[PDB]
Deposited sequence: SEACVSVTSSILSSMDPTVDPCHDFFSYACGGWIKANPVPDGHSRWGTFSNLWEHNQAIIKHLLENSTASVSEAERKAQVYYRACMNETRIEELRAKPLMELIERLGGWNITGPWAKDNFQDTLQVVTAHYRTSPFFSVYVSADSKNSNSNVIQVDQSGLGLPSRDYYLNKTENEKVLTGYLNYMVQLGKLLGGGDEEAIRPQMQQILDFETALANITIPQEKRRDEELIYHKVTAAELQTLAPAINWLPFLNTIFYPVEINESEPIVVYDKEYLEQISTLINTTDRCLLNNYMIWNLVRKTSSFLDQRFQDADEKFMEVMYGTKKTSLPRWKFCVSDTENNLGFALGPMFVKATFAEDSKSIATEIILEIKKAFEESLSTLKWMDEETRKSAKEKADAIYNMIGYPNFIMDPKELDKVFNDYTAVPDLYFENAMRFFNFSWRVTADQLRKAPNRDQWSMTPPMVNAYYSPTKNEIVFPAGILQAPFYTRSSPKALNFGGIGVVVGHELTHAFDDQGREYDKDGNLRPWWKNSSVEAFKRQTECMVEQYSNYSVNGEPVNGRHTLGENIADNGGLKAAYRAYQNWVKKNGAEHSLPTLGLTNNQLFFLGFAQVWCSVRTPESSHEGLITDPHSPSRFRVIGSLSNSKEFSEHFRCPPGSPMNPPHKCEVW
């Protein structure tokens, strides 16, 4: 009651009743929230996810600041990692020395002072395996897309100190984040013993030039959607002809030690011409520059762990782009904190209920699969079969709630009191070794690419698995006292979204066992592609601040938004079918079935930086929040019936798209 009444108030707070739902439902649902909530100090884009993440951080402080020392090695190591970084009386006493020292062990750089050595693949090997850096290219170990029960070596593009290749390329002419990034380079060049700006500026400029070629050679993420077409497996002998600049067998044999690599090693390469282009770019440029580039990468990875002269540098630039290390600790040692996190935040009740809600969403999804007009029955049968085989994890991975197993995983990491920078580096080397050690092991589903306190969720095509961290199994997504309409509208939609990823323009290319391999007739694939073109056409109709929204670019996450809204509503109808209507909320003027659509929209209430929107509109595969709402609701007949949106109001398009 008082919980219904508080929840009603916050619903009502957020809306803008001056706006008509059938005109713009997002404005109607969030216009109040938008206008009230301004983008705060430390943030450039704010909303539900921003909000809940920060609630969690604050919980992580009290967990980490224990007195009783009544926790496991792994948990104890996070406490140590935390204290170590929080002791900043110590960090101001060390200054640049830690990093400024590390460099010379590596052989120094022309910023201090002269530099001339034959040490290239050596320092390349070190920074990649010891400091978890990725200049030139990124190397790692994950499931073989075409043989999901194995891991393989993977070489991909990397090495840009900006978030996206287009900041190097567009911005030259459209606002100079280049000025702001050279600055930042220059000042860090000072902090690490570079003296005269006339001496730093040029050096640091050449790194910028090289970093832009990296970006020139780099491949636009539109030419990197479709895995079938960019997956290229080569032998290590084929890689050596392809990119002769690196001596690969020695290189691989050193970073994948203790595993032996011979000429027949399989290596998945996502762009052959890139790697060719890297090699030529490596063999063509002078070595000091090659060295200076490599160290710069090292400094970008590492500067966060030095003093408040650097933080200032990082802060300043991010205004152009001390909870601080509760983040860092979660980032690196998040599975270390998980047990603490879920003891505090996660009723085990919650797991059981979340498990029933998942069953119910699958059920509904499958009932849509059975009924889909664009597939023949044979294709519908294969799809159900892959649906049936989707594996789910809730809250946490099992192994973390067994201290014997969690301590084993973290046994080779050692955290030292008061040595934050050494602690970090030690972690980087440890983290690299965990990935390297997977090369000859089987992938399994109990291994997550997200820690439990994260406010997010995902699907893996190679494990055919949907994952929900305990961190998102929170309000507004889930609350066990909350009306079902609101639970099916929050978490229920998040679930359907993940299920639907099993079948999107990417996930459909992988079969039920997680393998990239045709498992439909081409005819059904041609038929799938036609449904999807509707959502391309649809979402390219949207614009933001006088600029289009990209319908091809956002297709996958739109397909998942649409399948999941729809599965969640059906599931909620299923629940009402079995159980009967719950009561209605009071101040609201709204039934439960309307509440469903409203709750959904209020999850996506958000504000963001005017620059961010021009940018997300090219980098984010997710649609802008408002068109996530509007694009989804607009394909729902059931949304329109329930808000009685006339025959061709904005929110009620006659060209409705439907794939899943």
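Only residue range 322-331 of the deposited sequence, counted from 1, carries no C-alpha coordinates in the model.
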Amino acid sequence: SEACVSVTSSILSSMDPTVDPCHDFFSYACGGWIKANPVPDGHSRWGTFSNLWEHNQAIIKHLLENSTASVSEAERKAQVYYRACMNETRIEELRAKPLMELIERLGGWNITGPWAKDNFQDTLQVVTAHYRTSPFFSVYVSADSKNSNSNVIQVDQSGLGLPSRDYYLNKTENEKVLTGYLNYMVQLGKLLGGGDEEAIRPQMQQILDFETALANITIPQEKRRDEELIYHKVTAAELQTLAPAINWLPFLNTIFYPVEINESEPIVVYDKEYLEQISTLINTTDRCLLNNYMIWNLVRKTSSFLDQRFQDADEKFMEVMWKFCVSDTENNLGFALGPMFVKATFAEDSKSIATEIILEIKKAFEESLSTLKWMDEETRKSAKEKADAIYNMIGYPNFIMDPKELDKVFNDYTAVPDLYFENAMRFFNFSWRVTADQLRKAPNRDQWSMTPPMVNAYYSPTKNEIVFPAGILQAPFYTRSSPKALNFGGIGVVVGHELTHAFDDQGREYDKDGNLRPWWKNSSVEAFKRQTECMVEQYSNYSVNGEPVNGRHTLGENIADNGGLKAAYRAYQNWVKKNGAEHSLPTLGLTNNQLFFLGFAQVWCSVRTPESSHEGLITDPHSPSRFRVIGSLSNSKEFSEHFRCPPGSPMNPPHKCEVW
From here on, numbers count along this sequence of modelled residues.
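Taking the mean C-alpha B-factor of each stretch as recorded, 114-122 and 219-227 are not equal, and the higher mean is that of 219-227.
For the two regions 487-495 and 342-350, the entry's Cα B-factors average higher over 342-350.
The residue among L369, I255, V536, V549 whose C-alpha atom has the highest B-factor in the PDB entry is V549. Residue set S382, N456, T284, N515: peak C-alpha B-factor at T284 (per PDB entry). Residue-level temperature factors show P624 in the middle third of its chain, judged at the C-alpha atom.
When the modelled residues of the chain are ordered by C-alpha B-factor, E73 sits in the highest third. When the CA B factors of the chain's modelled residues are split into thirds, the value for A36 lands in the highest one. When the CA B factors of the chain's modelled residues are split into thirds, the value for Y28 lands in the middle one.
Among the modelled residues of its chain, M651 has a C-alpha B-factor that falls in the lowest third according to the deposited record.
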